[PDB]
There are 2 protein chains.
Amino acid sequence: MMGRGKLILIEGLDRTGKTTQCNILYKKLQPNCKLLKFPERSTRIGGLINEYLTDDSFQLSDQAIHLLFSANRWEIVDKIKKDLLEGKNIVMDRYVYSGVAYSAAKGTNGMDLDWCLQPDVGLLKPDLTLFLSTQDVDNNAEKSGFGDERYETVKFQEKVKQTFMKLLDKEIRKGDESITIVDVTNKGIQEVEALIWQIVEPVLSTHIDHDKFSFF
Amino acid sequence: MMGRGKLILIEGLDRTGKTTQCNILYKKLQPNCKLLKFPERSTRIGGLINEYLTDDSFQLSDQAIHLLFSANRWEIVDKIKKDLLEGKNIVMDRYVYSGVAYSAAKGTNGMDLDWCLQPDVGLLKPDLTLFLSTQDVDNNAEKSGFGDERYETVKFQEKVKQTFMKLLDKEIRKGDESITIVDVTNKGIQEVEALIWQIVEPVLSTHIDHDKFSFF
Ligand SMILES: Cc1cn([C@H]2C[C@H](O)[C@@H](COP(=O)(O)OP(=O)(O)OP(=O)(O)OP(=O)(O)OP(=O)(O)OC[C@H]3O[C@@H](n4cnc5c(N)ncnc54)[C@H](O)[C@@H]3O)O2)c(=O)[nH]c1=O
Ligand SMILES: Cc1cn([C@H]2C[C@H](O)[C@@H](COP(=O)(O)OP(=O)(O)OP(=O)(O)OP(=O)(O)OP(=O)(O)OC[C@H]3O[C@@H](n4cnc5c(N)ncnc54)[C@H](O)[C@@H]3O)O2)c(=O)[nH]c1=O
């Protein structure tokens with residue numbers, strides 16, 4: 001009996017169409033759906049992350065920016081949970097996985113997968129996590145804007161690639177099957193969209209106890 | 001002998017003469033000494049923390065503000081380390097213990113001593129930590145301006161007290177010998193100043209193992 005909305009998470013490297021697919025899925029699931037994107041640049045903490053990403057001159061240590069990315073989710077997670085309990089579904093672009101992967105890829109002393117994950121521990125786990133994977137480097141043909149932000153380098157993006165796999169393989173081989181890797185190499189928007197609904201549709205029908213959640 | 005400066009930390013509840021004592025100690029060790037106080041409110045992250053402490057309209061989740069406090073130390077730690085290596089002592093008012101104890105005192109689900117400590121893991125440990133303890137938390141709430149900040153209520157300071165005790169007990173019993181509790185109950189500035197010097201002086205002269213650093 002009963003039930004709550006589902007939290008659908010789409011993750012992946014930069015320039016892999018995630019915002020695109022999320023808007024599609026969100027439009028598809030409306031009106032009983034919410035859309036959320038991290039970093040959520042509209043809050044003060046979000047603005048700081050924004051400045052950091054858009055201006056590679058804004059100075060901030062790896063650990064400080066890392067914790068800001070995580071506080072950005074904590075400042076929003078209560079609304080997320082309120083929506084889910086109201087039965088609404090939530091499509092989310094980027095979350096804890098991006099948090100850990102991007103920072104740990106830096107290889108900064110003391111900032112290993114484990115350290116990077118701790119600040120997010122206790123946050124709601126998404127009901128389904130789609131990882132849009134690709135073998136297409138930075139991908140000029142997928143730039144989501146001008147000049148290109150701080151992390152958009154082929155070398156670094158290549159680093160986050162490994163870290164993303166290592167982290168996911170871990171939690172997968174660890175017993176988590178709510179994570180699906182989707183190869184989107186050379187796939188157009190409609191195609192990738194079809195591939196995603198094939199995974200998401202079934203989850204939306206599956207029943208979840210309104211009072212039951214998983215956490216990081 | 002010549003070597004690296006020492007990182008001296010003074011901790012305690014609100015209105016326990018820490019600022020006072022830190023300046024006194026700082027003046028004592030000059031010219032070769034720096035004074036640092038946390039939260040360091042002059043940075044952007046520092047500014048948000050200040051607004052949180054001074055403005056009840058400023059809403060931020062317990063986990064979020066908790067991570068800002070930690071990030072605020074991370075944006076300064078490279079300086080601390082560099083100064084010490086240059087041979088400068090550093091007197092610091094509040095640090096990681098204040099971070100853990102204040103947030104964990106809240107009793108917020110999932111925000112326990114261990115969770116609270118994680119973001120600070122990797123940070124330089126002070127060579128010496130002095131905890132100014134008072135038994136009269138009731139008169140603490142008498143000082144002028146007491147109540148103007150968020151954590152300034154007798155009942156909450158009560159909770160922070162218990163938390164600080166738990167946290168220092170754990171660290172001391174675990175084997176941290178660099179932590180000293182100083183009973184400052186009903187003692188004046190000069191007496192407390194004398195009690196602090198008695199502990200600090202000897203440390204300034206020692207030069208443990210190749211001047212190596214310790215970390216949280
Ligand atoms: C949450 C979090 C994030 N980050 C970092 C990761 C990032 O480096 C940075 C900004 O992350 P962001 O998600 O705001 O980044 P965006 O600027 O939004 O863009 P991305 O590079 O991730 O873009 P998307 O992957 O969403 O791409 P999208 O906006 O959908 O598309 C870009 C363009 O390509 C086209 N396109 C889309 N799909 C296409 C397809 N199938 N084939 C061809 N072209 C396609 C689109 O129409 C658009 O023109 O934040 C962390 O380091 N830690 C954290 O904790
Ligand atoms: C680092 C960190 C901090 N915090 C939170 C904890 C706090 O609630 C909040 C503000 O922290 P703050 O240190 O910036 O706060 P302040 O308001 O600057 O300082 P306090 O209230 O702690 O005061 P102090 O204890 O330093 O007191 P002091 O300024 O030295 O003295 C106050 C008054 O009493 C007199 N006084 C001083 N010594 C006296 C003595 N021995 N006997 C009697 N009177 C004495 C002084 O002269 C002055 O008038 O930050 C977290 O939650 N997490 C974190 O990670």
# chains A, B, ... in the order shown; residues from 1 in each chain; ligands from 1
>>> calpha_fit_rmsd(fixed="chain B", moving="chain A")
1.5 Å
>>> residues_near_ligand(ligand="ligand 1", cutoff="6 Å", atoms="only C-alpha atoms and all ligand atoms", output="PDB file with C-alpha atoms, in the first residue's frame")
ATOM      1  CA  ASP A  14      30.663  16.814 -19.019  1.00  0.00           C
ATOM      2  CA  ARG A  15      29.399  17.173 -22.592  1.00  0.00           C
ATOM      3  CA  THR A  16      27.263  13.998 -22.592  1.00  0.00           C
ATOM      4  CA  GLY A  17      23.784  15.517 -22.994  1.00  0.00           C
ATOM      5  CA  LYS A  18      22.591  15.107 -19.409  1.00  0.00           C
ATOM      6  CA  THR A  19      20.732  18.406 -19.108  1.00  0.00           C
ATOM      7  CA  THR A  20      19.151  17.596 -22.480  1.00  0.00           C
ATOM      8  CA  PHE A  38      23.588  20.200  -9.200  1.00  0.00           C
ATOM      9  CA  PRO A  39      25.403  22.359  -8.719  1.00  0.00           C
ATOM     10  CA  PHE A  69      29.504  21.126  -3.648  1.00  0.00           C
ATOM     11  CA  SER A  70      28.334  18.842  -0.847  1.00  0.00           C
ATOM     12  CA  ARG A  94      24.338  15.136 -11.149  1.00  0.00           C
ATOM     13  CA  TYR A  95      24.613  14.313  -7.420  1.00  0.00           C
ATOM     14  CA  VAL A  96      26.949  12.581  -4.944  1.00  0.00           C
ATOM     15  CA  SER A  98      29.765  13.614  -9.508  1.00  0.00           C
ATOM     16  CA  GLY A  99      30.802  15.072  -6.117  1.00  0.00           C
ATOM     17  CA  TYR A 102      35.416  15.039  -9.854  1.00  0.00           C
ATOM     18  CA  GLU A 142      28.511  18.868 -26.821  1.00  0.00           C
ATOM     19  CA  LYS A 143      29.677  22.106 -25.184  1.00  0.00           C
ATOM     20  CA  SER A 144      26.863  23.407 -22.982  1.00  0.00           C
ATOM     21  CA  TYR A 151      36.978  21.207 -15.422  1.00  0.00           C
ATOM     22  CA  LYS A 187      23.994   8.378 -30.191  1.00  0.00           C
ATOM     23  CA  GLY A 188      21.637  11.186 -31.074  1.00  0.00           C
ATOM     24  CA  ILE A 189      19.175  12.792 -28.674  1.00  0.00           C
TER      25      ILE A 189
END
>>> interface_residues(of="chain A", to="chain B", cutoff="7 Å", atoms="only C-alpha atoms", output="list in words")
residues 60, 61, 63, 64, 67, 68, 71, 74, 75, 110, 118, 119 and 122 of chain A
>>> write_last_selection(atoms="C-alpha atoms", output="compact mmCIF listing (two decimals), in the first residue's frame")
# COMPACT_ATOMS: atom_id res chain seq x y z
CA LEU A 60 39.55 28.06 -3.68
CA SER A 61 41.34 24.99 -2.35
CA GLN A 63 38.90 20.65 -0.15
CA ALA A 64 36.95 23.89 0.25
CA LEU A 67 32.73 20.73 0.67
CA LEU A 68 30.80 23.53 -0.97
CA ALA A 71 26.77 21.65 1.27
CA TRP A 74 22.46 19.46 1.97
CA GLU A 75 20.84 22.82 1.65
CA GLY A 110 44.24 13.11 1.41
CA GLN A 118 32.09 11.44 3.76
CA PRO A 119 30.49 14.92 3.59
CA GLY A 122 23.55 10.60 5.13
>>> residues_around(residues="residue 30 of chain A", least_positions_apart="5", cutoff="12 Å", atoms="only C-alpha atoms", output="ChimeraX atom specification")
/A:22-25,35,88-91
>>> residues_around(residues="segment 128-133 of chain A", least_positions_apart="2", cutoff="8 Å", atoms="only C-alpha atoms", output="JSON, numbers by chain")
{"A": [7, 8, 9, 10, 11, 12, 13, 16, 18, 126, 135, 178, 179, 180, 181, 182, 183, 184, 185, 196, 200, 203]}
>>> write_last_selection(atoms="C-alpha atoms", output="PDB file, in the first residue's frame")
ATOM      1  CA  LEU A   7      14.243   9.966  -7.455  1.00  0.00           C
ATOM      2  CA  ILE A   8      15.808   9.512 -10.882  1.00  0.00           C
ATOM      3  CA  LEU A   9      19.453  10.469 -11.170  1.00  0.00           C
ATOM      4  CA  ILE A  10      21.389  10.989 -14.382  1.00  0.00           C
ATOM      5  CA  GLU A  11      25.155  11.245 -14.099  1.00  0.00           C
ATOM      6  CA  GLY A  12      28.032  11.284 -16.504  1.00  0.00           C
ATOM      7  CA  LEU A  13      30.995  13.318 -17.608  1.00  0.00           C
ATOM      8  CA  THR A  16      27.263  13.998 -22.592  1.00  0.00           C
ATOM      9  CA  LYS A  18      22.591  15.107 -19.409  1.00  0.00           C
ATOM     10  CA  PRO A 126      18.470   8.034  -5.764  1.00  0.00           C
ATOM     11  CA  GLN A 135      34.360   7.102 -25.174  1.00  0.00           C
ATOM     12  CA  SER A 178      20.024   0.711  -9.000  1.00  0.00           C
ATOM     13  CA  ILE A 179      22.943   1.905 -11.096  1.00  0.00           C
ATOM     14  CA  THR A 180      22.815   1.486 -14.885  1.00  0.00           C
ATOM     15  CA  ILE A 181      25.628   2.411 -17.260  1.00  0.00           C
ATOM     16  CA  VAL A 182      24.378   3.547 -20.686  1.00  0.00           C
ATOM     17  CA  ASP A 183      26.777   3.894 -23.588  1.00  0.00           C
ATOM     18  CA  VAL A 184      25.834   7.011 -25.496  1.00  0.00           C
ATOM     19  CA  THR A 185      28.840   7.135 -27.781  1.00  0.00           C
ATOM     20  CA  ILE A 196      16.860   6.016 -21.030  1.00  0.00           C
ATOM     21  CA  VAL A 200      13.364   4.435 -16.291  1.00  0.00           C
ATOM     22  CA  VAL A 203      11.243   1.778 -12.160  1.00  0.00           C
TER      23      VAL A 203
END
>>> closest_residue(among="B:192, B:85, B:154, B:204", to="residue 21 of chain B", atoms="only C-alpha atoms")
B:192
>>> decode(residues="segment 185-214 of chain A", atoms="N, CA and C atoms", output="tab-separated table (two decimals), in the first residue's frame")
chain	number	residue	atom	x	y	z
A	185	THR	N	27.89	6.78	-26.74
A	185	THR	CA	28.84	7.14	-27.78
A	185	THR	C	28.17	7.15	-29.15
A	186	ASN	N	28.24	8.30	-29.82
A	186	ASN	CA	27.66	8.48	-31.16
A	186	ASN	C	26.14	8.40	-31.25
A	187	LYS	N	25.44	8.47	-30.13
A	187	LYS	CA	23.99	8.38	-30.19
A	187	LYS	C	23.34	9.74	-30.15
A	188	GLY	N	22.35	9.93	-31.01
A	188	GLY	CA	21.64	11.19	-31.07
A	188	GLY	C	20.68	11.29	-29.92
A	189	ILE	N	20.10	12.48	-29.76
A	189	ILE	CA	19.18	12.79	-28.67
A	189	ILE	C	17.96	11.88	-28.53
A	190	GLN	N	17.32	11.57	-29.65
A	190	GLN	CA	16.14	10.71	-29.64
A	190	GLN	C	16.56	9.29	-29.27
A	191	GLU	N	17.68	8.85	-29.80
A	191	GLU	CA	18.17	7.53	-29.51
A	191	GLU	C	18.48	7.41	-28.02
A	192	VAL	N	19.33	8.30	-27.51
A	192	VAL	CA	19.68	8.24	-26.10
A	192	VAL	C	18.40	8.33	-25.29
A	193	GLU	N	17.44	9.12	-25.74
A	193	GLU	CA	16.20	9.26	-25.00
A	193	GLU	C	15.43	7.95	-24.88
A	194	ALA	N	15.47	7.17	-25.96
A	194	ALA	CA	14.76	5.90	-26.02
A	194	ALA	C	15.43	4.91	-25.06
A	195	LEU	N	16.77	4.93	-25.06
A	195	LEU	CA	17.60	4.07	-24.21
A	195	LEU	C	17.33	4.35	-22.73
A	196	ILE	N	17.12	5.62	-22.41
A	196	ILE	CA	16.86	6.02	-21.03
A	196	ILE	C	15.47	5.62	-20.54
A	197	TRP	N	14.45	5.83	-21.37
A	197	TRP	CA	13.09	5.47	-20.97
A	197	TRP	C	12.99	3.94	-20.79
A	198	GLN	N	13.76	3.17	-21.57
A	198	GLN	CA	13.71	1.72	-21.44
A	198	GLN	C	14.13	1.33	-20.01
A	199	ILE	N	15.01	2.13	-19.42
A	199	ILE	CA	15.49	1.86	-18.07
A	199	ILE	C	14.59	2.49	-17.02
A	200	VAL	N	14.20	3.73	-17.24
A	200	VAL	CA	13.36	4.44	-16.29
A	200	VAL	C	11.94	3.96	-16.19
A	201	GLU	N	11.28	3.71	-17.32
A	201	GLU	CA	9.87	3.33	-17.26
A	201	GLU	C	9.54	2.26	-16.22
A	202	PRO	N	10.30	1.17	-16.21
A	202	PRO	CA	9.98	0.05	-15.31
A	202	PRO	C	10.07	0.48	-13.83
A	203	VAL	N	11.06	1.31	-13.52
A	203	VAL	CA	11.24	1.78	-12.16
A	203	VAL	C	10.06	2.61	-11.69
A	204	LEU	N	9.49	3.41	-12.59
A	204	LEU	CA	8.36	4.25	-12.21
A	204	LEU	C	7.13	3.46	-11.81
A	205	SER	N	6.98	2.25	-12.35
A	205	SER	CA	5.81	1.41	-12.04
A	205	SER	C	6.01	0.62	-10.75
A	206	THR	N	7.27	0.30	-10.47
A	206	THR	CA	7.63	-0.46	-9.28
A	206	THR	C	7.19	0.32	-8.04
A	207	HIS	N	6.64	-0.41	-7.06
A	207	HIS	CA	6.15	0.18	-5.81
A	207	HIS	C	7.24	0.40	-4.76
A	208	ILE	N	7.13	1.52	-4.05
A	208	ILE	CA	8.09	1.87	-3.01
A	208	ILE	C	7.33	2.35	-1.77
A	209	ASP	N	7.66	1.78	-0.61
A	209	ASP	CA	6.99	2.20	0.62
A	209	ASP	C	7.29	3.66	0.95
A	210	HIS	N	6.24	4.47	0.86
A	210	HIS	CA	6.31	5.89	1.12
A	210	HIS	C	7.28	6.24	2.24
A	211	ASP	N	7.42	5.33	3.20
A	211	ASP	CA	8.29	5.53	4.36
A	211	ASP	C	9.67	4.88	4.22
A	212	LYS	N	10.05	4.46	3.02
A	212	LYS	CA	11.34	3.78	2.86
A	212	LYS	C	12.37	4.46	1.96
A	213	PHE	N	13.55	4.69	2.52
A	213	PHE	CA	14.64	5.33	1.80
A	213	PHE	C	15.98	4.65	2.04
A	214	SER	N	16.91	4.96	1.15
A	214	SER	CA	18.27	4.46	1.21
A	214	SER	C	19.15	5.70	1.36
